[PDB]
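For reference, the structure discussed in these notes is given below.
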Amino acid sequence: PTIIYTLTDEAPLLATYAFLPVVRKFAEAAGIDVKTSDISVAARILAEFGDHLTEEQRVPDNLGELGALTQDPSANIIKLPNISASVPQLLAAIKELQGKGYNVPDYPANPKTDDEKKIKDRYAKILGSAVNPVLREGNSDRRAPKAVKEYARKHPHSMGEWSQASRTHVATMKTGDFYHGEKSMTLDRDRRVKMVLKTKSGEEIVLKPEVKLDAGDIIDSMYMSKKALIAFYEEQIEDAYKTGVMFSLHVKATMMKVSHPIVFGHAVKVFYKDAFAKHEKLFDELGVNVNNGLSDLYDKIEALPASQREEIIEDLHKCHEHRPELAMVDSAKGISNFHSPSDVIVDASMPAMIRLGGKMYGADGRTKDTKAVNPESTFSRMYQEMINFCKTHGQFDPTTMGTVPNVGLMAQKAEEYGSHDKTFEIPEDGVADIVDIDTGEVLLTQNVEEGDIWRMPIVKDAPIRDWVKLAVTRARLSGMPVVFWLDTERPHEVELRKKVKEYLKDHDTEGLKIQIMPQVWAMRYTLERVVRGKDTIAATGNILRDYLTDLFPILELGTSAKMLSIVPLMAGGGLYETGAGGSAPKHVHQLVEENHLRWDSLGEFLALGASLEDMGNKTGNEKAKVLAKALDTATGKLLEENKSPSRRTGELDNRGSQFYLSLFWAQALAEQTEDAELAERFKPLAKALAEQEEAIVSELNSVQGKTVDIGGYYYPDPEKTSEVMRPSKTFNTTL
Amino acid sequence: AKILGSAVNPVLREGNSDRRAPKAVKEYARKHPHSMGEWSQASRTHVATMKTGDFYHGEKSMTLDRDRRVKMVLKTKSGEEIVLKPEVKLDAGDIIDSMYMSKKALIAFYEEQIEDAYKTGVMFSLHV
Amino acid sequence: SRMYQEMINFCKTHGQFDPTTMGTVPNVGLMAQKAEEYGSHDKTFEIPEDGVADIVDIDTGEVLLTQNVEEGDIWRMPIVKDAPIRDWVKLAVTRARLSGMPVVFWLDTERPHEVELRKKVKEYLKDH
Amino acid sequence: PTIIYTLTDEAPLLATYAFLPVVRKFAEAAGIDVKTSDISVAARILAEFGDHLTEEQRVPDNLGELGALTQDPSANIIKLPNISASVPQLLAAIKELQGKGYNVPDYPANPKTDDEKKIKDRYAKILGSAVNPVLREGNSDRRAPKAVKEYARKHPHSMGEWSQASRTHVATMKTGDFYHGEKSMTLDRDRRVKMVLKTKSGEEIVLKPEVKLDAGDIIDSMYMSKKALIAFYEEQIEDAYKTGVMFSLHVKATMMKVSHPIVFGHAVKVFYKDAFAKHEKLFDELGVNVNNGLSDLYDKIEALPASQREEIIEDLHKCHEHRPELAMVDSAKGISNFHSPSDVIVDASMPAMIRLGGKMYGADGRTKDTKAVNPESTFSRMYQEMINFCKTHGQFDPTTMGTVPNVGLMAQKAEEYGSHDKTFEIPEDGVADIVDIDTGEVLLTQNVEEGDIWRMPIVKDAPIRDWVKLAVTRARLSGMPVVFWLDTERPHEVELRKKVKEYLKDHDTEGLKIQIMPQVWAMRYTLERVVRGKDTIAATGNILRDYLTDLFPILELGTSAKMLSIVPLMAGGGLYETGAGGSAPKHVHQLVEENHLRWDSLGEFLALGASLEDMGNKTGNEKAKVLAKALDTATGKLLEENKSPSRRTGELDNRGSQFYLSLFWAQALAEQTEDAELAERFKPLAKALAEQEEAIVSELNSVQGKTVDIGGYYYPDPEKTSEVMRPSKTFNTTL
Amino acid sequence: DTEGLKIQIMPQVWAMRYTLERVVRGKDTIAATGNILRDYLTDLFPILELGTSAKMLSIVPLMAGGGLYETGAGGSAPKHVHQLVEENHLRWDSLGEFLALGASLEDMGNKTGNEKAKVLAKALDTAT
Ligand SMILES: [Mn+2]
Ligand SMILES: [Mn+2]
Ligand SMILES: [Mn+2]
């Protein structure tokens, strides 16, 4: 019986070093082996480019290893947050590996040879959201545990007031976006299809040559219009200008790597319509692509003669005086919403804005109301309901409000999350058809234009069946009502409806409140009961899973770090994400400069409990059951005793919190009475740890306030990292 | 006092309201649209209303079993009983409500709303 | 008043209504025999001093509805009779059948008076 | 805002002495006054016979007082278990009261002078089940609270295995009993009726002069043929003998105080017919009434000369040679089934027998199979189905089985529970009619014989309406389907069916599974469901309410002493029974002799929670809600921490468990955040109690293991009892 | 979307009786029928109601999106010609052509957004 514990990047990794030894010590008491899997950015680079490496240097394909392991009914994988590499991050990681004797190739930005174009594609496999599409072979069960909600109640986080006179709102398209021209259908049998564009010339361009579809698959033909999108941006910028409200843009270019940078880019184009007109010729032969934000423009003009570059920056600030005020990522540095598409990520930025009382930062560094532009309507309308609701009701009260768990459809690159390699920026005007290869049958027709974003999302029948089952299970186990958020006026969501209606009958739903509502209705109904302190479960698609599991946890708890994220793997196993967020680069900074790690490991403690509980239910391990029960109360006690990491250096940090957890864990195991072997086994552990409490905490705190050597960043040296992360002689030995 | 105010309506209204626009009028409106003020997504106008201490949030109600004669009385702190309404004839199946608005809640609400309208710079209005 | 706010919100997000495309909203209103608030004028009082306000059956000593009120508070007892309610439900059905349009009874769940009405509507719909 | 807590008899009262102070302290924080009410056997003797008592000695008619309070829409009564006095109990209570200066008359068993008849008739008000009929002005909502059910799953109680080859069965009449001769009708209008017997002679005997009947009342005219009853017994006693299976008899002479002793008596008569023939003349003038069991015979022969009394007992033990084996109540002492009608009580004995695997105890001390004789078929056939089910399915599994909550028609002396003053042993062969005085119309005729038992049960229309409402209420609120146990072949239940069918339509039953099935079908349907882990509500008549709320809880939980018994009164208030069992005489035995009370007050804690919660809803007291939910979580923690009273002397007792409850109740209020004032109010208290925990516990346990002085039994001294029941001064001073 | 519509299916005999029962007392009913019944009925009732089928609309909304407009279901009337060649009087009623053209221009207007074609259709409707 074995649990895989992922070694990842930056902060969670550093924490793992201190925590792995303690989980291993507790897990062996139930005959559980804990093996690491290194899926760091460095490890993934070394696994891809083994060619130029020695035998000792080479790394196995650890990501792909886990990808296979998800097909095994006995899988038990605990996934920690890891880096989704941007280009700058990849570059830094390559230079660190090269510097350490690993001959890996330079990343070729603009490749001049055909062999450079070849390795740039191999690097593309490392860039961006690479891990998640592989590991997510089950659906999402994301929710906050009772002990965490009770902590929020006892220590209410700061929330900004919602004035009834608030001017902030969600501006979104009403025609010409993906939603309003969308086509959809469920497949009657297995088909192999192609995406073609029948041009005005009579020609037929092939955009995607072959894609294998199955029986019961739901496929969409959706497109956004370049013309409608520009017009929309024209209207909303002028409106923001006339009404005097700060302009902001909220998309997710990190994940939607094809469509969303185009959308982001157009916003910038029309906002600065005037400057991009005066410098059209210069910009094209400079190759500036502002889809990468203003960051791309500033970069390609930084090396220009002063007077020439200073004319361009003038034409940008001159364009501002008849434009609305812009939201700032960092006003002190002068970094705006338009700088980089990776700066303002929709799933995080929107809740941040709502929590702050519908506010974002301005040029002067003061919080302002905003027109949160959310071009695609499909998933943005639900935000507006909350805003409106908030205007009439005020800010949410974290002390009294209910919870909104989520049962998200995400398995096997579900819906939009798998459509990246099937999204195309239409080259010229024409008619876009998806066509069956083995028969001249046109399946979904659409009339598109030059610049349009066309795409074909896919959701498979098997994930859908599991998703309905997961929703029913959660209804049954928690007693909470579940609402499926499915529109009637969105073809894709009426297709899902047909399946949800059918597959609900294949279960025992006798005493369960289960209904289906359009998103805006569903959001309202949910808000209506949460404000009265009642709980509701949201059964949603992939993107809504993303949006809602940031929105509500941030409002309820103040963060999305302190929650359960369980993935019941379809083959029978289980994946346990410890965090939906990043790997916290700023956290590492504080540790390396003055050794205080302020990373909260509660998400790791929670996932482990879920992992141990499911291990017992699936393998018949009674000891694992007892370990899970003990850890839960230990986690609960850690919250109650307020022994989570402080942010201020010199005070209790991640390392100290891990001690208290292990103390309470050993304590719980000593005073439990369903397993006598374990009770007496941990009795001396609990006794030893409690009696040396103040010496251990002393050691773990007196070591702070100084620079520390971890031997790198993207590839830390284990020996030196282990020293830093386990500095208490007393704690190490007594363990 | 019997001539003052809305005197006519409560005497003639011995039925219920079937109020509706006639098709000819609705069809004329479609063909000849009246002017409508445009709504700004950034509009600051809102209904301000009480959250506690109004009729709604302290209301009690019942459906009556039988015909009875009730009075409305205030049992004062002193022990004295002031009769406010000597007699009212209730029928079986009558829905009656006991309903009150707190003076103190109303003044607090008003001080908060007037102040809020000022601090935000939005124009105050009262609709009764 | 909350109804108005919903429209305001709706209007902020959807814009102003278009008279050339919008549908009708006819009303079937309960009003017969000085129903609800429209008859409560003779039964509304500005409370002279702090005390308990009860509505009491004069024959026998049964206190039907009690309430704790303050000096300056406004307290009232609205009435709505059973046969008007019967007529109102029937009129709703008749208007539904004749026009062929859906009908929504605007009745709250968190308002005592409107739950009492709800009981009768649920009953008298079975009579048609 | 007043809660009425009932002072009763024996163990529950002793627990109250320690608990009343701590409930008062909590209830005052919400503005609720806890007012006492004394309904003990002693206080009921005093209230009746205030003839020779001083002003200070006199007590109000506390039962009549509470009976009157049920009409008050604000009634909040907590009913603890109380004595339903037998003759020996009555005498002992009288003798103690006399010796303490209370001048009350002796109870004359056989009144010599006619003045003794009046005071014997006045004592008849005190005898037996006198409290329940007065307090039950509502219908029964009996169910096991979720937290208790969960505890039974984690800690299963022992259950005897059911052999497929088991021979045990229910024996019951197929003709000549109440069921197979029943006539019933629903009243058209108000009537006044008399019960008359027109004899064969021509005389008219008035058994009941007048009874006032309302419109919509159901009345029955049921009788049991004496000739049939004896022939049945002859047959069954013979069958049990021939087949070699143990004979047992299960009736309820305790509450069915008129009919069932006649039923019990006849069994003894035909069983020992050979001895009752040899001594018929002697038995006659001794006034032997074996309707009171063999104990009656043994009493009346104990005074006789040795050679004669020994001859009698020899003719009784000699009769066993041609007879079947008898089930024993105490096989060491030789106390059998026939000793006393109050030993084997159908509602408790039948579950106990099923729980054991279909076993009762033998003369040899061994457990064996039994012919469980239940003469009246009406409510016994339902037991047989379970026996059959178990025979094919095995014994129930407490770790996986569902629940069977009950909604019981009992309000206003419903059905058989209010037919005692209307039951008659027929003096001679005739026709038994219930006749209207105004217009000499015979409503129901019936041809009866000498010995036959005749009765007219009554169930009023208004109770039936509330009963149906409570069924739909429970269905809506719990999501469980509900089944009405109504026979198609029983007049009474077809009359009820007419009503249920109609009154259901008066309610919103849109999302509910609600159906009507005959008893045996309903039982089978319910069993088919529990065994698959599914829940079902039983909406039943009065006697079935009693049977099923012992039966299922014994199987699910091991006891009927750990559950909610809510009585929503028809006038608006609520009565909350804390227990359905006795007042535990033996528990007092252990308290006075060795200072350990093993009474489980869980039923009190649960009832109080349901008392405080309903206080919040009815009045609008939000502070009541907070106390209720905090007691709910306090009671739940009591179970999970395993701190219910031990039975062993020297360990944690009733007093000790009351400390832990009040501790957790205090903690739950301190660490909650839905009421700011209450939180900081209990904060120092909760901090106090927890701090000297193993000091208070140390006191409450050290004082055990010795004889103690409470100053009486039926009327214990309030000053002495309070010293004993609150022996921890550390604990007491803390409030 | 059939929510406010009365739609039902009956056998031919029943449907005919049902239809007759309503039309004998001024009520209108649409007959949704198969091919031969379409023929039979659009002669029968138009003859009974109007005397001829040469005074009605026969619109064929073409499946591909267009529209065919039959001006008459009857023949080309040879005897009308005999009168025109011998006496110079054409008694042919072109009312079926006026109505068809009116339906043609109206569909033209709604299909292609032509407002001037809509105005031609309405002016023809009133002229007819
Ligand atoms: Mn997210
Ligand atoms: Mn019982
Ligand atoms: Mn024809």
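Identifiers in the structure tokens: chain A, B, ... in order shown; residue index from 1 per chain; ligand index from 1 in order shown.
The environment of residue D:692 within 12 Å, counting only C-alpha atoms and disregarding residues fewer than 2 places along the same chain, consists of residues 659, 660, 663, 685, 686, 687, 688, 689, 690, 694, 695, 696, 697, 698, 699, 728, 729, 730, 731 and 734 of chain D.
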Resulting file, chosen residues, N, CA and C atoms, as a PDB file, in the first residue's frame:
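Dumped everything to again_5.pdb:
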ATOM      1  N   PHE D 659     -21.866  16.640  34.534  1.00  0.00           N
ATOM      2  CA  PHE D 659     -20.767  17.600  34.523  1.00  0.00           C
ATOM      3  C   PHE D 659     -20.223  17.767  33.108  1.00  0.00           C
ATOM      4  N   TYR D 660     -19.884  16.647  32.474  1.00  0.00           N
ATOM      5  CA  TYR D 660     -19.322  16.668  31.131  1.00  0.00           C
ATOM      6  C   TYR D 660     -20.260  17.306  30.117  1.00  0.00           C
ATOM      7  N   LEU D 663     -20.207  21.028  30.782  1.00  0.00           N
ATOM      8  CA  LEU D 663     -18.913  21.488  30.280  1.00  0.00           C
ATOM      9  C   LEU D 663     -18.967  21.753  28.773  1.00  0.00           C
ATOM     10  N   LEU D 685     -17.046  30.805  32.261  1.00  0.00           N
ATOM     11  CA  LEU D 685     -17.603  29.567  32.800  1.00  0.00           C
ATOM     12  C   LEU D 685     -16.972  28.345  32.134  1.00  0.00           C
ATOM     13  N   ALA D 686     -16.964  28.344  30.802  1.00  0.00           N
ATOM     14  CA  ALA D 686     -16.373  27.263  30.015  1.00  0.00           C
ATOM     15  C   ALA D 686     -14.887  27.094  30.321  1.00  0.00           C
ATOM     16  N   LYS D 687     -14.200  28.216  30.523  1.00  0.00           N
ATOM     17  CA  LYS D 687     -12.789  28.212  30.894  1.00  0.00           C
ATOM     18  C   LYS D 687     -12.601  27.672  32.312  1.00  0.00           C
ATOM     19  N   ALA D 688     -13.571  27.953  33.182  1.00  0.00           N
ATOM     20  CA  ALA D 688     -13.523  27.508  34.573  1.00  0.00           C
ATOM     21  C   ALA D 688     -13.719  26.000  34.689  1.00  0.00           C
ATOM     22  N   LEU D 689     -14.832  25.505  34.149  1.00  0.00           N
ATOM     23  CA  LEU D 689     -15.182  24.082  34.213  1.00  0.00           C
ATOM     24  C   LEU D 689     -14.073  23.175  33.675  1.00  0.00           C
ATOM     25  N   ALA D 690     -13.530  23.538  32.513  1.00  0.00           N
ATOM     26  CA  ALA D 690     -12.476  22.761  31.855  1.00  0.00           C
ATOM     27  C   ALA D 690     -11.181  22.714  32.662  1.00  0.00           C
ATOM     28  N   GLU D 694     -10.410  17.353  36.141  1.00  0.00           N
ATOM     29  CA  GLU D 694      -9.986  16.186  36.926  1.00  0.00           C
ATOM     30  C   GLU D 694      -9.851  16.482  38.422  1.00  0.00           C
ATOM     31  N   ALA D 695     -10.505  17.558  38.855  1.00  0.00           N
ATOM     32  CA  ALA D 695     -10.711  17.845  40.270  1.00  0.00           C
ATOM     33  C   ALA D 695     -12.173  17.575  40.625  1.00  0.00           C
ATOM     34  N   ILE D 696     -13.085  18.079  39.790  1.00  0.00           N
ATOM     35  CA  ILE D 696     -14.523  17.834  39.941  1.00  0.00           C
ATOM     36  C   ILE D 696     -14.840  16.347  39.763  1.00  0.00           C
ATOM     37  N   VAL D 697     -14.311  15.760  38.689  1.00  0.00           N
ATOM     38  CA  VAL D 697     -14.423  14.324  38.411  1.00  0.00           C
ATOM     39  C   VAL D 697     -13.838  13.489  39.555  1.00  0.00           C
ATOM     40  N   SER D 698     -12.731  13.968  40.119  1.00  0.00           N
ATOM     41  CA  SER D 698     -12.072  13.310  41.244  1.00  0.00           C
ATOM     42  C   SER D 698     -12.960  13.297  42.491  1.00  0.00           C
ATOM     43  N   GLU D 699     -13.714  14.379  42.688  1.00  0.00           N
ATOM     44  CA  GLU D 699     -14.661  14.490  43.799  1.00  0.00           C
ATOM     45  C   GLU D 699     -15.889  13.603  43.605  1.00  0.00           C
ATOM     46  N   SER D 728     -20.295  17.625  44.723  1.00  0.00           N
ATOM     47  CA  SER D 728     -19.072  18.335  44.340  1.00  0.00           C
ATOM     48  C   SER D 728     -19.205  19.839  44.569  1.00  0.00           C
ATOM     49  N   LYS D 729     -18.555  20.325  45.625  1.00  0.00           N
ATOM     50  CA  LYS D 729     -18.643  21.737  45.998  1.00  0.00           C
ATOM     51  C   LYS D 729     -17.845  22.639  45.059  1.00  0.00           C
ATOM     52  N   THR D 730     -16.759  22.103  44.501  1.00  0.00           N
ATOM     53  CA  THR D 730     -16.006  22.788  43.451  1.00  0.00           C
ATOM     54  C   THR D 730     -16.934  23.083  42.275  1.00  0.00           C
ATOM     55  N   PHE D 731     -17.672  22.061  41.850  1.00  0.00           N
ATOM     56  CA  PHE D 731     -18.614  22.180  40.745  1.00  0.00           C
ATOM     57  C   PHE D 731     -19.739  23.163  41.067  1.00  0.00           C
ATOM     58  N   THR D 734     -18.963  26.948  41.210  1.00  0.00           N
ATOM     59  CA  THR D 734     -18.612  27.468  39.885  1.00  0.00           C
ATOM     60  C   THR D 734     -19.797  28.151  39.183  1.00  0.00           C
TER      61      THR D 734
END
Next on the checklist: Need to verify the contact set: stretch 294-304 of chain A, 12 Å, only C-alpha atoms, exclusion of same-chain residues closer than 2 positions in sequence. Can you return it as a ChimeraX atom specification?
Outcome noted: /A:261,264-269,271-272,275-276,279,282-292,306-313,316,334-343
Could you please take those selected residues and save N, CA and C atoms as a compact mmCIF listing (two decimals), in the first residue's frame?
# COMPACT_ATOMS: atom_id res chain seq x y z
N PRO A 261 -5.33 35.29 -25.21
CA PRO A 261 -4.36 36.33 -25.56
C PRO A 261 -4.77 37.17 -26.78
N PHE A 264 -7.41 39.56 -25.15
CA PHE A 264 -6.62 40.53 -24.40
C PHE A 264 -5.93 41.53 -25.33
N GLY A 265 -5.36 41.02 -26.41
CA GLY A 265 -4.63 41.85 -27.37
C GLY A 265 -5.49 42.90 -28.03
N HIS A 266 -6.66 42.49 -28.50
CA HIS A 266 -7.59 43.42 -29.13
C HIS A 266 -7.98 44.56 -28.22
N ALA A 267 -8.23 44.26 -26.95
CA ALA A 267 -8.54 45.28 -25.95
C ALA A 267 -7.49 46.38 -25.96
N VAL A 268 -6.22 45.97 -25.92
CA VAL A 268 -5.09 46.89 -25.93
C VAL A 268 -5.00 47.68 -27.24
N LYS A 269 -5.23 46.99 -28.36
CA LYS A 269 -5.22 47.62 -29.68
C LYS A 269 -6.19 48.79 -29.77
N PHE A 271 -7.95 50.29 -27.28
CA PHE A 271 -7.69 51.28 -26.24
C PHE A 271 -6.66 52.30 -26.72
N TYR A 272 -5.58 51.81 -27.32
CA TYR A 272 -4.53 52.67 -27.87
C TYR A 272 -4.62 52.80 -29.39
N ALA A 275 -2.11 55.47 -31.09
CA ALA A 275 -0.66 55.21 -31.14
C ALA A 275 -0.31 54.09 -32.12
N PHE A 276 -1.12 53.03 -32.11
CA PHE A 276 -0.92 51.90 -33.00
C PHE A 276 -1.20 52.25 -34.46
N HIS A 279 2.29 54.39 -35.46
CA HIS A 279 3.47 53.53 -35.49
C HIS A 279 3.22 52.17 -36.07
N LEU A 282 6.37 50.66 -38.11
CA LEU A 282 7.46 50.34 -37.20
C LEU A 282 7.16 49.10 -36.36
N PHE A 283 5.94 49.04 -35.83
CA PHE A 283 5.51 47.95 -34.96
C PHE A 283 5.49 46.58 -35.64
N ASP A 284 5.08 46.54 -36.91
CA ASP A 284 5.00 45.28 -37.65
C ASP A 284 6.38 44.66 -37.95
N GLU A 285 7.32 45.48 -38.41
CA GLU A 285 8.67 44.98 -38.69
C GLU A 285 9.52 44.83 -37.42
N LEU A 286 9.04 45.41 -36.32
CA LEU A 286 9.58 45.12 -34.99
C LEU A 286 8.99 43.82 -34.45
N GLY A 287 7.86 43.41 -35.03
CA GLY A 287 7.20 42.16 -34.67
C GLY A 287 6.45 42.19 -33.34
N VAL A 288 6.13 43.39 -32.85
CA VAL A 288 5.39 43.53 -31.59
C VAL A 288 4.01 42.87 -31.66
N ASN A 289 3.78 41.97 -30.72
CA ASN A 289 2.52 41.29 -30.57
C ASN A 289 1.99 41.59 -29.18
N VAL A 290 1.05 42.52 -29.12
CA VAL A 290 0.57 43.05 -27.85
C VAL A 290 -0.43 42.10 -27.17
N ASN A 291 -0.71 40.98 -27.82
CA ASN A 291 -1.40 39.85 -27.20
C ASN A 291 -0.65 39.35 -25.97
N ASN A 292 0.63 39.69 -25.91
CA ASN A 292 1.47 39.42 -24.75
C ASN A 292 1.52 40.65 -23.84
N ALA A 306 16.86 56.82 -27.83
CA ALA A 306 16.06 57.51 -26.81
C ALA A 306 14.91 58.33 -27.39
N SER A 307 15.25 59.31 -28.23
CA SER A 307 14.25 60.22 -28.80
C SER A 307 13.13 59.51 -29.57
N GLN A 308 13.45 58.41 -30.23
CA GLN A 308 12.43 57.64 -30.95
C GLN A 308 11.51 56.89 -29.99
N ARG A 309 12.09 56.25 -28.97
CA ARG A 309 11.31 55.50 -27.99
C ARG A 309 10.46 56.43 -27.11
N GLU A 310 11.01 57.61 -26.80
CA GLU A 310 10.31 58.58 -25.96
C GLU A 310 9.14 59.25 -26.69
N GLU A 311 9.14 59.16 -28.02
CA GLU A 311 8.01 59.64 -28.81
C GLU A 311 6.86 58.64 -28.73
N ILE A 312 7.20 57.35 -28.68
CA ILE A 312 6.20 56.28 -28.63
C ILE A 312 5.52 56.24 -27.26
N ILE A 313 6.30 56.31 -26.19
CA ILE A 313 5.74 56.33 -24.83
C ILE A 313 4.88 57.57 -24.59
N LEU A 316 1.43 57.02 -26.12
CA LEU A 316 0.63 56.13 -25.29
C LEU A 316 -0.03 56.90 -24.15
N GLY A 334 4.16 51.50 -11.71
CA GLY A 334 3.50 51.94 -12.94
C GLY A 334 3.12 50.80 -13.86
N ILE A 335 2.83 49.64 -13.28
CA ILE A 335 2.42 48.45 -14.05
C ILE A 335 0.90 48.31 -14.05
N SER A 336 0.31 48.34 -15.24
CA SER A 336 -1.15 48.37 -15.40
C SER A 336 -1.77 47.01 -15.75
N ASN A 337 -3.10 46.99 -15.84
CA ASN A 337 -3.88 45.82 -16.26
C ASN A 337 -3.45 45.32 -17.63
N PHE A 338 -3.01 46.25 -18.48
CA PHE A 338 -2.66 45.93 -19.86
C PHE A 338 -1.22 45.46 -20.05
N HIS A 339 -0.42 45.49 -18.98
CA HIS A 339 0.99 45.13 -19.05
C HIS A 339 1.19 43.71 -19.50
N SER A 340 0.66 42.76 -18.73
CA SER A 340 0.83 41.34 -19.04
C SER A 340 -0.45 40.56 -18.76
N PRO A 341 -0.85 39.67 -19.70
CA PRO A 341 -2.09 38.89 -19.56
C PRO A 341 -2.02 37.85 -18.43
N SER A 342 -0.82 37.60 -17.92
CA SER A 342 -0.60 36.69 -16.80
C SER A 342 -0.70 37.39 -15.44
N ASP A 343 -0.86 38.71 -15.46
CA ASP A 343 -0.96 39.52 -14.24
C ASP A 343 -2.35 39.47 -13.62
Item to check | Nearby polymer residues, ligand 1, at most 7 Å, only C-alpha atoms and all ligand atoms, as a ChimeraX atom specification | outcome: /A:347-348,546-547,549-550,580-581
Kindly save the residues from that selection, with N, CA, C and O atoms included, as an mmCIF file, in the first residue's frame.
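Saved result, result.cif, follows:
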data_model
loop_
_atom_site.group_PDB
_atom_site.id
_atom_site.type_symbol
_atom_site.label_atom_id
_atom_site.label_comp_id
_atom_site.auth_asym_id
_atom_site.auth_seq_id
_atom_site.Cartn_x
_atom_site.Cartn_y
_atom_site.Cartn_z
ATOM 1 N N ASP A 347 -10.111 34.207 -12.594
ATOM 2 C CA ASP A 347 -10.591 33.410 -11.460
ATOM 3 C C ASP A 347 -10.115 33.937 -10.104
ATOM 4 O O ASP A 347 -10.764 33.708 -9.091
ATOM 5 N N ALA A 348 -8.994 34.653 -10.092
ATOM 6 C CA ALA A 348 -8.474 35.233 -8.856
ATOM 7 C C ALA A 348 -8.854 36.708 -8.701
ATOM 8 O O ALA A 348 -9.235 37.148 -7.610
ATOM 9 N N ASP A 546 -13.714 26.114 -11.851
ATOM 10 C CA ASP A 546 -12.602 27.034 -11.623
ATOM 11 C C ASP A 546 -13.059 28.317 -10.928
ATOM 12 O O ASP A 546 -12.591 28.634 -9.835
ATOM 13 N N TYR A 547 -13.991 29.028 -11.563
ATOM 14 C CA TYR A 547 -14.451 30.339 -11.101
ATOM 15 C C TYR A 547 -15.074 30.299 -9.707
ATOM 16 O O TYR A 547 -14.757 31.135 -8.859
ATOM 17 N N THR A 549 -14.854 27.959 -7.246
ATOM 18 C CA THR A 549 -14.014 27.450 -6.157
ATOM 19 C C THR A 549 -12.916 28.432 -5.770
ATOM 20 O O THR A 549 -12.088 28.150 -4.903
ATOM 21 N N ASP A 550 -12.912 29.585 -6.426
ATOM 22 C CA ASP A 550 -12.123 30.723 -5.981
ATOM 23 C C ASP A 550 -13.055 31.737 -5.344
ATOM 24 O O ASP A 550 -12.771 32.257 -4.269
ATOM 25 N N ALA A 580 -5.068 25.090 -4.918
ATOM 26 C CA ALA A 580 -5.436 25.518 -6.264
ATOM 27 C C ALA A 580 -4.561 26.674 -6.741
ATOM 28 O O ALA A 580 -4.555 27.009 -7.924
ATOM 29 N N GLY A 581 -3.824 27.275 -5.812
ATOM 30 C CA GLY A 581 -3.012 28.450 -6.107
ATOM 31 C C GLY A 581 -1.637 28.116 -6.653
ATOM 32 O O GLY A 581 -1.366 26.979 -7.042
#
Checklist entry - Residues within 12 Å of ligand 2 (only C-alpha atoms and all ligand atoms), as a count of residues only? => result 36
Checklist entry - Could you write out, as a count of residues only, all the residues of stretch 4-104 of chain C that DSSP marks as strand (DSSP E or B)? => result 24
Item to check | Distance-based interface of chain B with chain D, 12 Å, counting only C-alpha atoms, as a ChimeraX atom specification | outcome: /B:57-60
Checklist entry - Neighbours of stretch 423-425 of chain D within 12 Å (only C-alpha atoms; same-chain residues fewer than 5 positions away dropped), as a ChimeraX atom specification? => result /D:195-197,205-208,220-226,256-263,416-418,432,448-458
Next on the checklist: What does the list of residues within 6 Å of ligand 3 look like if you count only C-alpha atoms and all ligand atoms, written as a ChimeraX atom specification?
Outcome noted: /E:39,43,73
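Residues within 7 Å of residue E:121, counting only C-alpha atoms and excluding same-chain residues fewer than 5 positions away, are residues 102, 105 and 106 of chain E.
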